[PDB]
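Working notes for the structure below.
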Amino acid sequence: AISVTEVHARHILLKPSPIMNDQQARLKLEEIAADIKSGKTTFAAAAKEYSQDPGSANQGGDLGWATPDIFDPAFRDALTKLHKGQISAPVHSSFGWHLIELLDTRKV
């Protein structure tokens, strides 16, 4: 009986640019993360304000349900280690830098 596990993830993406190099992108995510953790903002509000992924920014960063092989492998690796409520440290993918949360898992 072969299993298929879907994950429910959310994230905030920042891409480097000429205004924002890689160091500035990572440190900005650290500042967002500490704002979420200190109740200055919610994860969803920050996703809406800052996330540079237009496929999810307006849905509070929500990625829906998916088998995790759809994700960049660095994103997938980080997702694997996360407990309920926990936000990742900033994670680099081919897309830029991410804050990641694992919301749930299920079998389909």
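By order in the structure tokens, chains are A, B, ...; within a chain, residues start at 1; ligands start at 1, following the order shown.
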Within 8 Å of segment 94-107 of chain A, which residues of segment 48-86 of chain A come that close, and what is the closest atom pair and distance in Å for each? Count only C-alpha atoms and give it as CSV.
```
residue,atom,partner,partner_atom,distance
A:72,CA,A:94,CA,7.2
A:75,CA,A:100,CA,7.8
A:78,CA,A:100,CA,7.8
A:79,CA,A:102,CA,6.2
A:82,CA,A:102,CA,6.2
A:83,CA,A:102,CA,7.0
A:84,CA,A:103,CA,6.4
A:85,CA,A:101,CA,7.3
A:86,CA,A:101,CA,6.3
```
Take the selection from the previous step and output its residues with N, CA and C atoms, as a tab-separated table (two decimals), in the first residue's frame.
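To be explicit, this is the file written out as result07.tsv:
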```tsv
chain	number	residue	atom	x	y	z
A	72	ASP	N	11.29	23.49	-4.97
A	72	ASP	CA	12.75	23.52	-5.12
A	72	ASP	C	13.29	22.63	-3.99
A	75	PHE	N	14.06	24.36	-0.52
A	75	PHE	CA	12.74	24.61	0.10
A	75	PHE	C	12.16	23.33	0.74
A	78	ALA	N	14.05	22.19	3.89
A	78	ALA	CA	13.78	23.01	5.07
A	78	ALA	C	12.40	22.67	5.65
A	79	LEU	N	11.47	22.38	4.74
A	79	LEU	CA	10.07	22.11	5.07
A	79	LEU	C	9.95	20.86	5.96
A	82	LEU	N	10.45	21.22	9.96
A	82	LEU	CA	9.65	22.20	10.68
A	82	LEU	C	8.50	21.59	11.50
A	83	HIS	N	8.32	22.10	12.71
A	83	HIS	CA	7.22	21.70	13.56
A	83	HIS	C	6.10	22.70	13.48
A	84	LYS	N	4.93	22.33	14.01
A	84	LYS	CA	3.77	23.20	13.98
A	84	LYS	C	4.06	24.54	14.66
A	85	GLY	N	3.73	25.63	13.97
A	85	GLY	CA	3.91	26.98	14.51
A	85	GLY	C	5.26	27.60	14.17
A	86	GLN	N	6.23	26.76	13.80
A	86	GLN	CA	7.62	27.23	13.57
A	86	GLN	C	7.83	27.86	12.22
```
Taking only chain A into account, list the residues labelled helix (DSSP H, G or I) by DSSP (computed from the backbone), as a PyMOL selection string.
chain A and resi 22-37+43-50+57-59+68-70+73-80
Report as number ranges by chain all protein, DNA and RNA residues lying within 10 Å of residue 22 of chain A, evaluated on only C-alpha atoms, omitting residues in the same chain fewer than 5 positions from it.
A: 14-17, 27-28, 92, 96-97
Nearest to residue 23 of chain A, restricted to only C-alpha atoms and choosing among A:108, A:63, A:90, A:52, comes out as A:90
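Residues in contact range of residue 57 of chain A, defined as at most 8 Å between only C-alpha atoms, with sequence neighbours fewer than 6 positions away removed, read residues 12, 47, 48, 49, 50 and 51 of chain A.
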For the residues in that selection, give me C-alpha atoms as a PDB file, in the first residue's frame.
```pdb
ATOM      1  CA  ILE A  12       7.423  34.711   2.085  1.00  0.00           C
ATOM      2  CA  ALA A  47       3.347  37.895   3.096  1.00  0.00           C
ATOM      3  CA  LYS A  48       0.892  40.365   1.598  1.00  0.00           C
ATOM      4  CA  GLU A  49       3.133  43.420   2.226  1.00  0.00           C
ATOM      5  CA  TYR A  50       6.483  41.903   1.261  1.00  0.00           C
ATOM      6  CA  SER A  51       6.290  38.598  -0.553  1.00  0.00           C
TER       7      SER A  51
END
```
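Of note, atom CA of residue 29 of chain A and atom CA of residue 68 of chain A are spaced 22.5 Å apart.
On the backbone of this structure, DSSP gives strand (DSSP E) within segment 41-91 of chain A to residues 62, 63, 64, 65, 66 and 91 of chain A.
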Residues just named, written with N, CA, C and O atoms as a PDB file, in the first residue's frame:
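Dumped everything to part07.pdb:
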```pdb
ATOM      1  N   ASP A  62       0.033  31.464   1.342  1.00  0.00           N
ATOM      2  CA  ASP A  62      -0.462  30.089   1.296  1.00  0.00           C
ATOM      3  C   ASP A  62      -0.117  29.395  -0.021  1.00  0.00           C
ATOM      4  O   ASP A  62      -0.339  29.963  -1.091  1.00  0.00           O
ATOM      5  N   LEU A  63       0.421  28.176   0.059  1.00  0.00           N
ATOM      6  CA  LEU A  63       0.775  27.431  -1.150  1.00  0.00           C
ATOM      7  C   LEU A  63      -0.215  26.301  -1.497  1.00  0.00           C
ATOM      8  O   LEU A  63       0.005  25.541  -2.447  1.00  0.00           O
ATOM      9  N   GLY A  64      -1.302  26.190  -0.739  1.00  0.00           N
ATOM     10  CA  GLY A  64      -2.265  25.112  -0.936  1.00  0.00           C
ATOM     11  C   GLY A  64      -1.661  23.756  -0.583  1.00  0.00           C
ATOM     12  O   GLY A  64      -0.618  23.680   0.065  1.00  0.00           O
ATOM     13  N   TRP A  65      -2.323  22.686  -1.009  1.00  0.00           N
ATOM     14  CA  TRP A  65      -1.842  21.336  -0.776  1.00  0.00           C
ATOM     15  C   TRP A  65      -1.099  20.856  -1.987  1.00  0.00           C
ATOM     16  O   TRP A  65      -1.550  21.063  -3.121  1.00  0.00           O
ATOM     17  N   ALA A  66       0.054  20.224  -1.773  1.00  0.00           N
ATOM     18  CA  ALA A  66       0.864  19.689  -2.881  1.00  0.00           C
ATOM     19  C   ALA A  66       1.807  18.619  -2.389  1.00  0.00           C
ATOM     20  O   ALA A  66       2.225  18.652  -1.232  1.00  0.00           O
ATOM     21  N   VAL A  91      15.709  30.730   3.867  1.00  0.00           N
ATOM     22  CA  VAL A  91      16.186  29.573   3.065  1.00  0.00           C
ATOM     23  C   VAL A  91      16.401  30.071   1.647  1.00  0.00           C
ATOM     24  O   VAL A  91      15.560  30.793   1.161  1.00  0.00           O
TER      25      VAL A  91
END
```
For residue 31 of chain A, list every protein, DNA or RNA residue within 12 Å, evaluated using only C-alpha atoms, and leave out those in the same chain fewer than 5 positions away; present the list as a list in words.
residues 24, 25, 26, 36, 37, 38, 40, 41, 46, 50, 89, 90 and 99 of chain A
Those residues you just picked out, can you put them in a file as a PDB file, in the first residue's frame with N, CA and C atoms?
```pdb
ATOM      1  N   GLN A  24      21.159  41.767   2.124  1.00  0.00           N
ATOM      2  CA  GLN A  24      20.024  42.597   2.513  1.00  0.00           C
ATOM      3  C   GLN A  24      18.707  41.814   2.485  1.00  0.00           C
ATOM      4  N   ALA A  25      18.581  40.879   1.543  1.00  0.00           N
ATOM      5  CA  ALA A  25      17.383  40.058   1.459  1.00  0.00           C
ATOM      6  C   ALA A  25      17.297  39.126   2.662  1.00  0.00           C
ATOM      7  N   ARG A  26      18.418  38.513   3.051  1.00  0.00           N
ATOM      8  CA  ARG A  26      18.361  37.571   4.158  1.00  0.00           C
ATOM      9  C   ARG A  26      18.034  38.325   5.464  1.00  0.00           C
ATOM     10  N   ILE A  36       7.144  38.872  13.296  1.00  0.00           N
ATOM     11  CA  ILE A  36       6.005  37.957  13.386  1.00  0.00           C
ATOM     12  C   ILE A  36       6.005  37.332  14.749  1.00  0.00           C
ATOM     13  N   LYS A  37       7.204  36.948  15.132  1.00  0.00           N
ATOM     14  CA  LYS A  37       7.362  36.309  16.436  1.00  0.00           C
ATOM     15  C   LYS A  37       7.038  37.224  17.673  1.00  0.00           C
ATOM     16  N   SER A  38       7.230  38.534  17.493  1.00  0.00           N
ATOM     17  CA  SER A  38       6.969  39.578  18.499  1.00  0.00           C
ATOM     18  C   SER A  38       5.571  40.206  18.382  1.00  0.00           C
ATOM     19  N   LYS A  40       4.215  41.969  16.082  1.00  0.00           N
ATOM     20  CA  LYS A  40       4.112  43.266  15.417  1.00  0.00           C
ATOM     21  C   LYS A  40       3.312  43.099  14.158  1.00  0.00           C
ATOM     22  N   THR A  41       3.384  41.921  13.548  1.00  0.00           N
ATOM     23  CA  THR A  41       2.590  41.677  12.322  1.00  0.00           C
ATOM     24  C   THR A  41       2.228  40.197  12.299  1.00  0.00           C
ATOM     25  N   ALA A  46       2.390  40.053   6.560  1.00  0.00           N
ATOM     26  CA  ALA A  46       3.732  40.245   6.048  1.00  0.00           C
ATOM     27  C   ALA A  46       3.906  39.654   4.655  1.00  0.00           C
ATOM     28  N   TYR A  50       5.122  42.063   1.735  1.00  0.00           N
ATOM     29  CA  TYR A  50       6.483  41.903   1.261  1.00  0.00           C
ATOM     30  C   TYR A  50       6.724  40.805   0.251  1.00  0.00           C
ATOM     31  N   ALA A  89      14.332  29.629   9.508  1.00  0.00           N
ATOM     32  CA  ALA A  89      15.295  30.681   9.222  1.00  0.00           C
ATOM     33  C   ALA A  89      15.194  30.967   7.704  1.00  0.00           C
ATOM     34  N   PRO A  90      15.740  32.087   7.231  1.00  0.00           N
ATOM     35  CA  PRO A  90      15.670  32.304   5.760  1.00  0.00           C
ATOM     36  C   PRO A  90      16.346  31.154   4.956  1.00  0.00           C
ATOM     37  N   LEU A  99      11.001  32.733   3.735  1.00  0.00           N
ATOM     38  CA  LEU A  99      10.605  32.266   5.091  1.00  0.00           C
ATOM     39  C   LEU A  99       9.539  31.217   4.842  1.00  0.00           C
TER      40      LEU A  99
END
```
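Between atom CA of residue 4 of chain A and atom CA of residue 53 of chain A there is a distance of 26.5 Å.
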Proximity to residue 88 of chain A - best of A:60, A:69, A:42, A:30, only C-alpha atoms
A:30
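One distance worth recording is that between atom CA of residue 33 of chain A and atom CA of residue 87 of chain A, which is 7.4 Å.
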